[PDB]
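Chains as they are written, first to last, in the entry's author numbering: chain B, 80 to 200; chain C, -1 to 376, 414 to 1052; chain A, 8 to 216. Working notes for the structure below.
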Ligand SMILES: *[C@H](CC(=O)O)[C@H](C)[C@@H](O)/C=C/C(=C\[C@H](C)C/C=C/C(C)=C/[C@@H](C)C(=O)[C@@H](C)[C@H](O)[C@@H](C)C/C(C)=C/C(=O)O)CC
Ligand SMILES: Nc1nc2c(ncn2[C@@H]2O[C@H](COP(=O)(O)OP(=O)(O)NP(=O)(O)O)[C@@H](O)[C@H]2O)c(=O)[nH]1
Ligand SMILES: [Cl-]
Ligand SMILES: [Cl-]
Ligand SMILES: [Cl-]
Ligand SMILES: [Cl-]
Ligand SMILES: [Mg+2]
């Protein structure tokens, strides 16, 4: 993360959908950062768990992604990610990310979409 | 697969295969490891697997295989030993003894297979518990004799003896009957003279050895129970406190032994014995000082370095010094020649108290509490410790943990922010630290003030300035409130506040300002006596807190709200009166500007603010004036409410706005907050909103139902429906809160109850399970608790509406609808207490469900439910007994007496409800005593089942013997008869009755329990 | 590599498996499914002294599901003893677990953990928890649910095992993630998968995060 600019940082709880069960499972709580690589100009989400500092999200903010609401929340987004490497080899997930307030959630979407435009350049 | 071969007992056991399965489990990974685990458990659990143990021990090349063989034998010995033919018992004893001898006589095996030899030793001890001394009388003499033939065997014998002592004295209470425990304790006691002789000889003849260490480990266990003469009438104390403190390998265990020596029961008025107690302490401290470290050593640094066993040693030293001194420091306080020893031991404790290790600090702090609490009372003692206490003041003042009130903390990036969560695990630590510092302040108020005031001078002039240093000092200053006289305190507090304000002027930037603000808020909130005597100051503090309610720093803002209510809780009188030179009581000033003051607060903070105002208003005892203040306080929520009631009555659709739902919730929450502090005084405000609030409850209930109908059960998860249910929950909370505090119960019944029941009961009954609020049950519990005796028909209505439908939600498993489960049994409990007649009015089928529900509660492992179930059962039995010889009571006993007896026995004996033992025993004793005292007026048996004249006593014994015979078929008839005879005889003596139950619970876990155990007395 | 066998013991229902799962995946399992014998999971932490791997043997606390019992402890290099601060019997049993453990593992670092401190009605008072003192166990209040002190048992054990009192957890290096597109053929099933995810409510919507 030495070669990266922090465009945005927000406290968040990340979930992944377990389709075999039929439930959301927490993956981590901590600072979710949008990081722009200064050499390549590509923007990624990188999120680490509090205390252990383990990566729970590491993926490019792909222009193809779309943030959708969850039925139970006015302060969360759900989206399909096709290449997250937090746990090792690239893997597809359906993520949900929840924030401390609706205001933070709405700011995340705005920043997410700005980052998508950067990645289109 | 191939590994499963060992499970086929129709073929010879392939020991090589077993060793492979075992190796795969312990040393493998993933799927293969998991499969091997499953196979080994199945192998171990085969009731014939013990028959393979000998073969495994002889032919296996895997020590873990042999360990598992021994575990199989352990299970057999502990549960089925007396089921075996006698030759199998002899054979097993012989090959266990022989394996132990064989492994001890081979030096390489003795060195490298400690785990296996220890397991073998424990397995031997299990056999001793069954066989010794009655069928193994020479075990101890032969062990003692064998000790001289081999140093390995001697060492191993010390391990066997340690384990035997543990199993007999330390761990027998749960595992043996009272009678068997006494037998084994008496047996060990009778042969201990010869055991000690061996131990002492070994200790005399060696200095530092694995044999010496094992011997000392055994001694540690003996010290739990042996007579003090073995320690004081031999030379053993000299050896422990000199020789064995010098070598580090024996030092650790010797120190632990000396700690337990300090706990021996010892004659109180024997000068010789006192001299010996002083001498071993003197010797031990001399050895520490010469062989380990001098009194000046930096133990904080040593501990932090964490070399070898230093942390454990310093822990054990703290335990030794605190244990000994708490009991014996008086022995060292009067003789001038012992003063240096006394003060040196305490100086080591001072050094230990500087170590950074919270759990060790709690241990030393407990000691300091013991000391300072004694010095506070005992004439002529505090002067002895004046230098120790002065050092301790510095230690505590420098290591004060953050109080729960201080809501700011430094993050990893060096910024001062609001805490993420409460530091719950330092609550007790802070209280303990405060306790000690308060005593220390009392012991020398001049020293304490001088230390604090000079430390503050060093913060101001910058020499010692740091957040850490100003914080710990400020926390210390706040923590000693109450120690000084009002007059002395007045001067102290003035000096402190002037200096904190000076410090603030000098320190710039939001981080610095947040730290110093937090410290000033903490201190001022801790000195309400000062605030009460200084109105201009108090007024100015409050105005400053209002300024902080507009802080962008959320930690300072939140702390200002908490500090406001903390001050108001203690100083409220001064806000309600008109102070000299003020134009109005300050409560008027607060209320008039409440919109501006609270504009930047979050809703819950606004509610706290209103709650504080309520505290002040309840100081006004003139009713007209108090009601006027309440009306003034509630002006803004009432005006918002009035406009919403106008709109919502016009349009049920306008309530569908999420913004409006949030507004309503916050209005009701504001009412809850004020009602919480005003209680009975809140009634006029409740009356203003009551009828429209219940109409709103109905309207919101209709919206919730419509949404579930249109969208499915998933609607209950949506923000909109959760918001609507919040309105219902807060309305219920408001009514519960008021009724819980109401003083006019006639008005509660005549005005509040009928409309409440009308609004909430049918709605609860007629919603689907997932839309029912457990808060309804909670509200009804309080209604019944406070006015149940006045509303018999209302209580019947409550049961009709909530009983069967709630029971059906919670009677399919123990986990679904956890809040309903808990509130349901609280409700049944209070109805059974306050309005039992409601249960008498139930149709018989519903009364049967009530009994079913009670027994269902028994079977919960959740304590909130289980405890209430057992209490309802006991209360119900009492309620029935109070009715006397009447048809309802007679029918109750005929229908349900044996149901309660059998269900109580079931949870007593299933090993899954151990938490409820005491209350289960109480219930069973009540039931048995009903028959013992002939309080049941009709036969419990149907006629022709037994001869016509047969007593309920005879029938109860017959019923119970048959029940136990069928439920526990491995018990003998005499075990059952003897148990029941004792239990029934003991049904007026709870402690003895419980002992008999515990003995039964032991015997059911094994075969061949002695029926004479139930004669224990 | 640098890997240590850790055995986790304590009464049934105390939160042993939930605690491990939290560390393994980040999740909080609300259901109580009793462990059968033992479950073994590797668990890696990144430290300033390099990675440390714990092979966590999460044992069954229910007597009826105990399996090999003390057989699981053989060659353990460290341990956690768990109880539940809302259940007094679980603290009463701590000396029994400790006894069985140290008979097999005579000189290992052991942390005692009082779990479920998130629950309002605490029953084992802080002042009562003193068993660890004479046995030289570290002690922490923890909650697997709130994550209160959740990292502390592993940090302390790592420090003891590596022999470095200043060891700290450090941020694992974060490799640049790949650029990928969804393949068109899958897009139809992704629509279905996302609909199910969107219409399954997130748990604990009243929590701060
Ligand atoms: C930073 C200030 C800065 O930047 O300069 C800090 C964090 C402040 O913002 C916070 C201050 C707080 C409380 C103050 C203590 C409130 C001040 C009260 C005050 C000055 C009252 C006056 C009326 C006095 O009474 C003065 C004259 C008197 O000297 C006081 C200080 C001592 C008394 C009462 C002496 C006596 O004999 O009675 C945050 C809560
Ligand atoms: N409130 C709360 N619940 C917890 C916490 N930790 C675990 N639980 C809950 O406690 C229950 C039992 O947890 P589990 O991990 O299965 O316990 P265990 O000690 O592994 N049981 P066993 O020894 O039978 O395998 C689960 O319902 C789980 O959600 C906690 O910190 N707080
Ligand atoms: Cl072994
Ligand atoms: Cl003697
Ligand atoms: Cl007052
Ligand atoms: Cl018999
Ligand atoms: Mg488990």
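Where is the CB? At the ideal position from N, CA and C, for every residue including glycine.
| Asked | Found |
| --- | --- |
| Contacts that residue 460 of chain C makes with chain A (C-beta to C-beta distance below 8 Å) | 124, 133, 147, 148, 155, 156 |
| Own chain residues within Cβ distance below 7 Å of residue 652 of chain C, not counting five before or after | 622, 661, 664, 665, 668, 713 |
| Distance cut-off 6 Å: residue 579 of chain C Cβ against heavy atoms of ligand 1 | yes |
| Distance, residue 480 of chain C Cα to residue 593 of chain C Cα | 34 Å |
| Counted within 10 angstroms of its Cβ, other Cβ atoms place residue 77 of chain A as buried (16 or more) or exposed | buried |
| Chain C within 7 Å of residue 118 of chain A, Cβ atoms only | no |
| Chain C contact residues for residue 151 of chain B, given Cβ-Cβ distances below 7 Å | 752, 753 |
| Chain A within 7 Å of residue 313 of chain C, Cβ atoms only | yes |
| For residue 192 of chain B and residue 138 of chain A, the rounded distance between their alpha carbons | 55 Å |
| Heavy atom of ligand 7 within 6 Å of residue 23 of chain A beta-carbon | yes |
| Distance between residue 1011 of chain C and residue 991 of chain C (C-alpha atoms, nearest Å) | 13 Å |
| Per DSSP, the bridge partner or partners of residue 96 of chain B | B:103 |
| Chain-ordered neighbours of residue 137 of chain B on chain A, where CB pairs are closer than 7 Å | 181, 184 |
| Beta-bridge pairing of residue 14 of chain A - partner residues as DSSP gives them | A:64, A:86 |
| Which residues DSSP lists as bridging residue 47 of chain A, in chain order | A:64 |
| Exposure label - residue 106 of chain C; buried when at least 16 CB within 10 Å | exposed |
| Below-7 Å beta-carbon distance, residue 69 of chain A vs any chain B residue | no |
| Own chain residues within Cβ distance below 7 Å of residue 218 of chain C, not counting five before or after | 251, 254, 255, 258 |
| N-terminal and C-terminal residue of the alpha helix (DSSP H) that residue 722 of chain C is part of | 718 to 746 |
| CA nearest to the CA of residue 168 of chain A, picked from A:94, A:96, A:123, A:59 | A:59 |
| Per-residue contacts from residue 298 of chain A into chain C (C-beta, under 8 Å) | Residue 298 of chain A lies beyond the range of chain A shown here (8 to 216); nothing can be said about it. |
| Under the three-state DSSP convention, the category residue 619 of chain C falls into | coil |
| Three or more C-beta pairs below 8 Å linking the region 12 to 21 of chain C and the region 18 to 36 of chain A | no |
| Length-filtered (4 minimum) alpha helix (DSSP H) runs lying within the region 634 to 708 of chain C | 638 to 652, 658 to 668, 670 to 685 |
| Residue nearest to residue 858 of chain C in terms of C-alpha spacing, selected from C:513, C:881, C:847, C:902 | C:902 |
| Residue 260 of chain C versus residue 776 of chain C: straight-line alpha-carbon distance, rounded | 53 Å |
| Boundaries (first-last residue) of the beta strand (DSSP E) holding residue 145 of chain A | 145 to 148 |
| Straight-line gap, residue 221 of chain C to residue 262 of chain C (C-alpha atoms, nearest Å) | 7 Å |
| Where the region 749 to 783 of chain C meets chain B: residues whose CB sits under 7 Å from a CB there | 749, 752, 753, 754 |
| Beta-carbon gap between residue 560 of chain C and residue 601 of chain C smaller than 7 Å | yes |
| Residue 91 of chain A to residue 897 of chain C span [Cα, whole Å] | 12 Å |
| Backbone secondary structure at residue 1008 of chain C - three-state DSSP | helix |
| Sub-7 Å separation of residue 546 of chain C and residue 451 of chain C beta-carbons | yes |
| N- and C-terminal bounds of the beta strand (DSSP E) containing residue 996 of chain C | Per DSSP, residue 996 of chain C belongs to no beta strand (DSSP E); it is in the alpha helix (DSSP H), 987 to 1002. |
| Those residues, in chain order, that have a beta-carbon closer than 5 Å to some heavy atom of ligand 6 | C:1007, C:1008, C:1009 |
| Neighbour list for residue 151 of chain A in chain C, Cβ cutoff strictly below 9 Å | Ordered by position in chain C, no residue passes the 9 Å Cβ test against residue 151 of chain A, which lies about 14 Å from the chain. |
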